[PDB]
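Chemist: experimental structure below, sequence on top.
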Amino acid sequence: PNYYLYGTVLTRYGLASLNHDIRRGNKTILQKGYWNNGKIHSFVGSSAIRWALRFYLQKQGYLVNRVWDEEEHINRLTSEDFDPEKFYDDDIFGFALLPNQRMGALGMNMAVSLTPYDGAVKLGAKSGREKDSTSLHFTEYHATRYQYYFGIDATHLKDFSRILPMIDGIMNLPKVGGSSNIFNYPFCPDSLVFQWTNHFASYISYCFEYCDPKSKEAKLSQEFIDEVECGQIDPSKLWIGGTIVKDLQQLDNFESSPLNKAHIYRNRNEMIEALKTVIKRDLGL
Amino acid sequence: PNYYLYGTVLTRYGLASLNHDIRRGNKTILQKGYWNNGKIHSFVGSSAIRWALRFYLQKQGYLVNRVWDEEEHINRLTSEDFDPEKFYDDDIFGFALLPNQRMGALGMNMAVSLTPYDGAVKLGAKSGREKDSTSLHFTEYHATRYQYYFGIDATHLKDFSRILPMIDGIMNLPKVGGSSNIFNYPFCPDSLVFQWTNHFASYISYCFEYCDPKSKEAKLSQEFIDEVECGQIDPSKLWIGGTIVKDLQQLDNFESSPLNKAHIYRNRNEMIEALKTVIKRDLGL
Amino acid sequence: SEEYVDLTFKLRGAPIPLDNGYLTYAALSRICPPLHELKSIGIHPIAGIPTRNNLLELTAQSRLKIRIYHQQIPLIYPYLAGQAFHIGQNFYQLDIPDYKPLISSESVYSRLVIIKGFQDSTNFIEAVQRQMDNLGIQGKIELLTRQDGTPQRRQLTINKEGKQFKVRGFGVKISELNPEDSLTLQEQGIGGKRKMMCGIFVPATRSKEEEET
Amino acid sequence: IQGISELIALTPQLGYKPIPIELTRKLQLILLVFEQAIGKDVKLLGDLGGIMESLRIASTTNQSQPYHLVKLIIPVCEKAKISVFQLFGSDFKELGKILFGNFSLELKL
Amino acid sequence: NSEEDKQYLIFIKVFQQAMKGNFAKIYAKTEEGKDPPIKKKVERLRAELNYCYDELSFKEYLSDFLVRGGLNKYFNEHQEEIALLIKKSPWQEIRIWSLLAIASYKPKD
Amino acid sequence: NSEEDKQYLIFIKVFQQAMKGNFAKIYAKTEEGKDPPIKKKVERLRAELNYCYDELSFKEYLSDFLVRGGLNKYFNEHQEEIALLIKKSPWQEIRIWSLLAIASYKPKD
């Protein structure tokens, strides 16, 4: 059975200076674009999150082709030929030599800031050899929560058991970017929306949305609630949890709403354990 | 009697880099061109959607002449000589040898981006140091919801029963060819306008329209509503389902409008079931 | 968590007394006027290897760490980035600052807390509990003890004008906070003399560091 | 004359001995505001090129070196549409906000 | 003749002079027998010119390039014409002119 | 005679020298005993030249290819003439001239 695991995970509020752009003349501009309602939002490249997941995989055993030196900042290939059968990294993220050119199980989208990026430039003085000179430059920072979307083609994995470490890595994601992450911004999710279904159609891509930059409550989009209530997104296939569940449970008519029968847990680890039990049941692990 | 099912379908909002033209020197240029009101819109090739539907038919069992290896990234033919009678692929999509050459039951139009495409090119580095020719690479992306219209000649089908799996695939459309590793764009529909009639005259072409540039409203064109109201496009033959249903129901005097007499379902699966029941009635299945 | 930042400066120079609160505060205010009027600012104790004469020898890990709201950094960064100050006749230099987050931990600790008019340990525990409730915080209060087990008091010498005043305080360890309340504690703190280099709270390992020696 | 009068009248009101790098970094902030304004509007380069070069030189030479009052600071704050009183009196936040508003930038320090 | 082509040619000259200033700057930066990176600098300039996403992008870039070039005598004599030409005309056309200018600098030296 | 034809001939030479520069670049890039792709590169150039959809397209490509060529003396000698020829003239005739240059560089080697 072709099984897929899609999900939109949301991070905690904080300052972000993660994926700076070409840095036009002095400001390390934050990667921004257009989003809902035509207001500028800051983004985080999905490749950075994929690199963070790969680093997590390399940290805790999990034989991986690309080893991060952490000192010389050079990736070294354990084997020249890519072997997804043996390596977690090649099996999950794929590869391209330019051999086999693996398609890669995990798919990702860039993280979109919940609130629009308005201002918030910061003063950064870089040193200089010119008789101990300090030239002032600018650096953009954003105080928001990043949500991103990802999909796992569980059937595509060479070893079906390799899905389990991936969810752990998402839960225990390391520092994203590293040196340029000026303010240490955690990417461990604080609220999850997981759909473990068996058909290609996938909603809940960007269900999280609050807007109203004055606060950081990180509500749920009315579109997702409506889609759940209508009959689509089978509640037995829906896994929801985090601080958003605390807000959801307080809502009126929650017991009567079809959102109730969806798998819901206040604690995220309870989600992870129950969902992993479900996966091991469905994949014969 | 000849029967035709025409449909304008709108995808979900998100970040997409599905189609790329020529790769100038470092950017994978999103397939773009002029459209309504003379501003550049990004495009998604109809051939990519046809490939996605064929891959869907391959995945969920069924018989297909072209088999997608998913490991060698090569296409294999079950039989060198095509046979529309047996295989779903050759019957639905047609084939050219250069025999029979068929005509193809499914005819699709290229997918236009609801939102005008301005900028938003992605950066792309790599670990650090020892930088080679593949170290720096840009990538274009568009934050929009793609929309494409299609039409199928049911009578042209060698087996009339094959229409149902096609609609099922259009619902649960797999990944559409694009950089899904860093831009996972779900192509599952969120709004449908279907017309099941016995005439060649195919209205209800691109009708979904954007209320605000750089936004995700997706209201319905005034010309299409005026066409429905004026008398043409018989509401009894009109099949509307998706998120646009809520916007339609919030329109004033909707009950008095002829649109209310059309088959509308806020849930997509309910409308799909009703349409398939009607089709099975009209084809004697 | 990330809504508050701890500004860290690689500090080098002469060895410093271990009760150097007012000295470093006055030097910083001398080289940074806006520091003298801010409210939610506090300074972390300066680490190092102490000496026999109640002085601390600055090491590579010795650094000046300042707790500040992220919406007030541009008022302090110009006057400290690369800047140098004098404590008495000693020269001290600060490098380009780096930002460190406010991480939650299961248990916290403070080296020196002072609340006016509380010298005995029991009433000090009661007052720290009162400030503890005022912040909507839950936990248990313990006082760091010497090798003798006696609660350890630390003294701050404010050399205002010709005279100098004595203020005595205790080391307070609070555990079982829950991470949200833990963050609230580290950011608020207890004692108020955070400009006076006392009230900042730290994870509990530094409590063991101070209890060993 | 007004700039020099503001300079004389402001010194007793500071309440402290001015810090050289405070003034140097205020000048650098004005330079960054000028650069952002030029980035937004190309025409302003014609009006501000000489002062841009002068400020860049003053920020590349030793910071402890004094700056020529009438030759450099007064024209610089003049083109920035800022009084000498505002330049030497307001903190970095107020100075940055007023500069951004003056050149209609979207920055927020 | 054909005044708009005059503006185009003076824009070519302005860009060439600005890149002359940038080349002089980077020659000044390097020292000792290492070959100063110029062909690499030309490649970087081309790549940064190619990278743009309309209007603000590549316009802030052209303004910053003209600023880092230094003092442009042709720009000094032709402030209004150059500014008006930059503000108007499709940005792709200005990028094409800039690329021409790129390959047009060599007769200077 | 017929100075337009002179400009056309010098443009042919300019394009030839640019392709010479790109040939030198690809020859520098290749390593080991691998055959340097020249026929493949020429066919790729011709295919990209045929692929074009008016004005911005193929003119951006012409400018980018000339920049990739690097130092070109024939373009150095005559600035205004070639600049005006590139900015003016229908792009299809420029394509004709460039393709003729493709076939007329082979005299050089």
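Modeler: Yep, that arrived. Numbering: from 1, shown residues only, chains lettered A, B, ... in the order given.

Chemist: ok, and the closest non-adjacent residue to residue C:114?
Modeler: The shortest distance from residue C:114 to any residue other than its chain neighbours is 3.8 Å, reached at residue C:169 (Cβ to Cβ, 6 or more residues apart in numbering or on different chains). From N, CA and C alone the C-beta is placed, and that goes for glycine too.

Chemist: touching, the one you found and residue C:151? I think so.
Modeler: No - the pair formed by residue C:169 and residue C:151 falls short of the contact definition of Cβ atoms under 8 Å, at 10.7 Å.

Chemist: which one's more surrounded, these two?
Modeler: residue C:169 (24 against 18; other Cβ atoms under 10 Å in any protein chain shown).

Chemist: quick check: phi and psi on that one?
Modeler: Recorded main-chain torsions at residue C:169 are phi -140, psi 180, according to degrees, to the nearest 10.

Chemist: contacting residues for it?
Modeler: With contacts defined as Cβ atoms under 8 Å, 6 or more residues apart in numbering or on different chains, the neighbours of residue C:169 are C:112, C:113, C:114, C:115, C:153, C:154, C:155, C:156, C:191, C:198.

Chemist: which of the residues you listed are buried?
Modeler: C:112, C:113, C:114, C:115, C:153, C:154, C:156, C:191, C:198 (16 or more other Cβ atoms under 10 Å in any protein chain shown).

Chemist: tell me which residues form a beta bridge with the second one?
Modeler: Read that as residue C:113. Partner residues in beta bridges with residue C:113: residue C:170, with DSSP bridges as the criterion.

Chemist: got phi/psi on residue A:106?
Modeler: Backbone phi and psi, for residue A:106 under degrees, to the nearest 10, turn out to be phi -80, psi 130.

Chemist: over to residue C:31?
Modeler: The phi and psi values for residue C:31, taken as degrees, to the nearest 10, are phi -90, psi 0.

Chemist: I'd say it and residue C:78 touch.
Modeler: No - under the contact definition of Cβ under 8 Å, residue C:31 does not touch residue C:78, with a separation of 10.8 Å.

Chemist: compare neighbour counts for those two and give me the winner.
Modeler: A count of neighbours by other Cβ under 10 Å puts residue C:78 above the other of residue C:31 and residue C:78, at 25 against 19.

Chemist: nearest residue to that one in space, please, no chain neighbours.
Modeler: What sits nearest to residue C:78 in space, not counting adjacent residues and going by Cβ to Cβ, 6+ apart, is residue D:25, at 4.5 Å.

Chemist: tell me if I'm right that the one you found and residue A:136 touch.
Modeler: Yes - the pair formed by residue D:25 and residue A:136 meets the contact definition of Cβ under 8 Å, at 5.7 Å.

Chemist: need the residues touching each of the two.
Modeler: Shared contacts of residue D:25 and residue A:136, counting by Cβ under 8 Å, 6+ apart, come down to residue A:125.

Chemist: tell me the contacts of the residue of chain C found nearest chain F?
Modeler: The minimum distance from chain C to chain F, using Cβ to the nearest Cβ, falls at residue C:96 (38.2 Å). Under the criterion of Cβ under 8 Å, 6+ apart, the contact list for residue C:96 reads A:125, A:126, A:127, A:134, C:81, C:82.

Chemist: list the contacts of the residue in chain A positioned nearest to chain C.
Modeler: In chain A, the residue that lies nearest chain C is residue A:14 (2.7 Å; Cβ to the nearest Cβ). Under the criterion of Cβ under 8 Å, 6+ apart, the contact partners of residue A:14 comprise A:143, A:145, A:183, A:185, A:186, C:1, C:2, C:3, C:101.

Chemist: that one bridge partners, please.
Modeler: Once the bridges are assigned, which here means DSSP bridges, residue A:14 pairs with residue A:144.

Chemist: can you list the buried residues in the lengthiest helix in chain C?
Modeler: With secondary structure taken from DSSP state H, chain C has its longest helix at helix C:121-134. Across helix C:121-134, burial judged by 16+ other Cβ under 10 Å covers C:124, C:125, C:127, C:128, C:129, C:131, C:132.

Chemist: which secondary structure elements does it contact?
Modeler: Packing partners of helix C:121-134 (3 or more Cβ pairs under 8 Å, 6 or more residues apart in numbering or on different chains; DSSP states H and E): strand C:140-143, strand C:165-175.

Chemist: what's the most buried one of those strands?
Modeler: A comparison of these by mean neighbour count, using mean count of other Cβ atoms under 10 Å in any protein chain shown, puts strand C:165-175 on top with a mean of 19.

Chemist: neighbours of the residue in chain D that chain F sits nearest to, how many?
Modeler: Proximity of chain D to chain F (Cβ to the nearest Cβ) peaks at residue D:42, 20.5 Å away. By the other Cβ under 10 Å criterion, the neighbourhood of residue D:42 contains 22 residues.

Chemist: same question, residue A:188
Modeler: Using other Cβ under 10 Å, residue A:188 is surrounded by 13 other residues.

Chemist: my guess is it contacts residue A:174. True?
Modeler: No - here residue A:188 lies out of contact with residue A:174, judged by Cβ under 8 Å, at a distance of 9.3 Å.

Chemist: helix, strand or coil for residue A:79?
Modeler: Per DSSP: H, G, I helix; E, B strand; the rest coil, the secondary structure class of residue A:79 is coil.

Chemist: oh, that last question was meant for residue C:185, not what I typed.
Modeler: State at residue C:185, reduced to three classes by three-state DSSP: helix.

Chemist: where do the helices sit along the stretch 1-150 of chain A?
Modeler: Remark: helices assigned in the stretch 1-150 of chain A by DSSP state H, counting those that start in this stretch are A:46-59, A:88-93.

Chemist: that older thread, so which of the contacts of residue C:169 is the closest to residue A:161?
Modeler: For the contacts of residue C:169, the minimum distance to residue A:161 (Cβ to Cβ) is 51.5 Å, reached by residue C:113.

Chemist: ok, now which ones touch that closest one?
Modeler: For residue C:113, the contact set (Cβ under 8 Å, 6+ apart) comprises C:128, C:169, C:170, C:171, C:172, C:190, C:191, C:198, C:199.

Chemist: residue E:23: which of those is nearest?
Modeler: Using Cβ to Cβ, these come closest to residue E:23 at residue C:199, 56.7 Å.

Chemist: then the longest helix of chain C to PDB, C-alphas only?
Modeler: Only the C-alpha atoms of helix C:121-134 are listed here, as PDB (Å, rounded to 0.1, in the frame of the first residue of the first chain):
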ATOM      1  CA  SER C 121      17.900  33.100  55.900                       C
ATOM      2  CA  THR C 122      14.300  32.200  56.800                       C
ATOM      3  CA  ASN C 123      12.800  35.600  56.100                       C
ATOM      4  CA  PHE C 124      14.900  35.800  52.900                       C
ATOM      5  CA  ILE C 125      13.300  32.500  51.800                       C
ATOM      6  CA  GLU C 126       9.900  34.000  52.600                       C
ATOM      7  CA  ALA C 127      10.600  37.100  50.600                       C
ATOM      8  CA  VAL C 128      12.000  35.200  47.600                       C
ATOM      9  CA  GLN C 129       8.800  33.100  47.800                       C
ATOM     10  CA  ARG C 130       6.800  36.300  47.800                       C
ATOM     11  CA  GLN C 131       8.600  37.700  44.700                       C
ATOM     12  CA  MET C 132       8.200  34.100  43.400                       C
ATOM     13  CA  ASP C 133       4.400  34.400  43.600                       C
ATOM     14  CA  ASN C 134       4.400  37.900  42.200                       C
END
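
Chemist: nothing else from me, thank you.
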